[PDB]
Structure formats: C-alpha cells, structure tokens
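Consider the single chain below, provided in structure tokens and representing the form deposited in one PDB entry.
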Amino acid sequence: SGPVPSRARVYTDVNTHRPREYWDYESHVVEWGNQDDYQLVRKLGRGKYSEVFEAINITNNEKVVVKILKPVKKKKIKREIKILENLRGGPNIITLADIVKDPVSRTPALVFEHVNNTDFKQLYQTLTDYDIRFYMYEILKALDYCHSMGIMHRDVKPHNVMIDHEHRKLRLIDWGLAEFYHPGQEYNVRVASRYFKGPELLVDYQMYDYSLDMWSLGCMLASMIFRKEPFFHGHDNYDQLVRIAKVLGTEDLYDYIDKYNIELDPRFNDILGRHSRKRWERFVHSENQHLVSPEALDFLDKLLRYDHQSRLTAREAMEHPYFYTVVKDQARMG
C-alpha cells in the first residue's frame, strides 16, 4: 500500500465553502490590456519565470512595475492572476494594477503598484533583533491572510519579500507558484527554491498544505538570527535533506517517513546516515548572539519540524512570546 493521507489542520475547507469560480481558475476570463499604455524605464530583476521592469503609466504619469512572464502554460498565468485578484487588498500582499500584452510579441505581462526598494536578501543580514521580529510579524500577516483565503504561496524566500525600510513596510511578491489548497489534493513537489524546500518536497510527499510556507519561513528566520545564508546549504535536492538531517537529526526524520508510510528514493539509503538532533547553541557565536534569545530559539524550533502537521500555524506563530513587544508597540500606535 501507499502513503498515509493528510489534511491541513487549519483553513481546511475554506475553498469548498466558496463559489466554484473562486478557485476554478481555468474558467477565469482575462481582459488583456495594451502594454503601450506603459513605457519601460529600467530592468529591476530577473527570474526563472519573469523579468521585472520599472515603468511609467503614461496616461497618469504614475510609476509601476511590469513583470513580463516567460512562456508557461496559459493555465498557470490564469492561476497567478486569479490568486492575485482573490488576495488584492490583503495585508502585505502585492497589488495587481493591470494585465497586458505587447501588441507585437503578444507576451503577457502583469502590472503592479510600485513598491519602494530592497528585496529582503540585501539587508536581512544586518537588521536589529527588534527589526527581525517586526518584519517576521509582517510576513506572518501575509501568510495568515493568504492561508485563510485558501492559498499557499509555495515560494517563501528572501527575494520574494520586498521591504521599504524607510516606511517600515513589507510586501510578499511572486505568486507564480501559489496554489489553492483542497483537502486530499496531491501537489507537485517541484516548487519553492532549493534552500527553502520543506522535507515533504524533498521526500516526495505530495499531500502537503499551508504548513509548507511555515518551513520556508523557518529557514529565513534561522539565516537571519544565526547569520548563515542559506541556513540549509544543500548541493542538490538529496543533499538538502542530508543537511537538514545533520541539524534536526535522523530519528525524527525516520519517524516522519514511518508515520506517513513514505517510500524514500533509494538515493537516500547511504547518504542520510545517523545523526543526533543538535541543540541550537551550536550555531550561536559572538557576532550573532545579540539576535538570538530563548524566545527566538523556541519559535524557530516550532517552525522547523519534519512533520508538517507539527509546525506552528501562521496565527499560532503570531501569538508566540517572540512577538510580545512587537504586538504591544503596535497597539500603542494604533
């Protein structure tokens, strides 16, 4: 027999209770505008699925960002668009302003609100203890929201968090890998970027959920507090699990595999070995100790579990003592 099934422990059925068209994105009709409404100013960045440009809307002279999509299935473009429309106006969610095609090339492009500066990777190795907590809290708002709206991001990583440090503002971007959660659905495990892939993805357990994003978040938190980028530095997908196993231990890994009756790719037979679960103090040194606290380690420990079911939810994470000061400072300002 095969793998034991799994269900999300929160927001399990939110898509089921919705009208069909909320999640049945293949049926969504897209009104394509004219890219000549926009003049490209400069290239901001590039990816596997898109190139991103600063641009001007010539009709009202506003600054925007244009994300020209690399060729993918129509289905996937509809998926990203529907998800962006569904989450529009949600906390710390990038705002879609328009959808266009170049009239010559016919290449599809998404147009977003202009967001001020850095990708998170440029500063997240030089933030204060408080700022790590502050921005982590802001990310959790986005994740709790999108999970509550029946959506998993599936590519949480520093490049996909845009911070305006001047205005203390954050947006979660690049919803191109996001999907609707449906209980019992088996998902593609070729998602997320290598260093942020959850064990479920690495061992090919397909019946995953929102909790995937919480592992990714844990990887980010660990790189920031211990200043080791990335925290789990694998050479490939198999070695990525080995790197995790050398920290989290092999006992919990093999219990995870047994619990869900997962069939391990034979490649893993020799390389996983036998490793203890390491205490977090092993990663604490002079330069990083000001970012590490008992609260930080307790929080981190509760994100980074093999068993997706054992990880904190976004709302549970937000209620952790690590955030108590952030929370009280926020009720102060109003």
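Throughout, rigid core stands for the largest set of C-alpha atoms superposing within 1.5 Å between the two forms. One-based numbering along the sequence shown.
This next part talks about the form deposited in another entry, which is not shown.
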Quiz item: Once you align the rigid core, which of 112, 180, 120, 187 turns out to move its Cα at least 2 Å between this form and the one not shown?
Solution: 120
Quiz item: After fitting the rigid core, is the C-alpha of residue 34 off by 2 Å or more between this form and the one not shown?
Solution: yes
Exercise. Looking in that other deposited form, decide if the C-alpha atoms of residue 121 and residue 143 are closer or farther than in the form shown; they differ by 3 Å or more.
Key: farther
Quiz item: Do the C-alpha atoms of residue 119 and residue 87 sit closer or farther apart in that other deposited form than they do here, given a shift of 3 Å or more?
Solution: farther
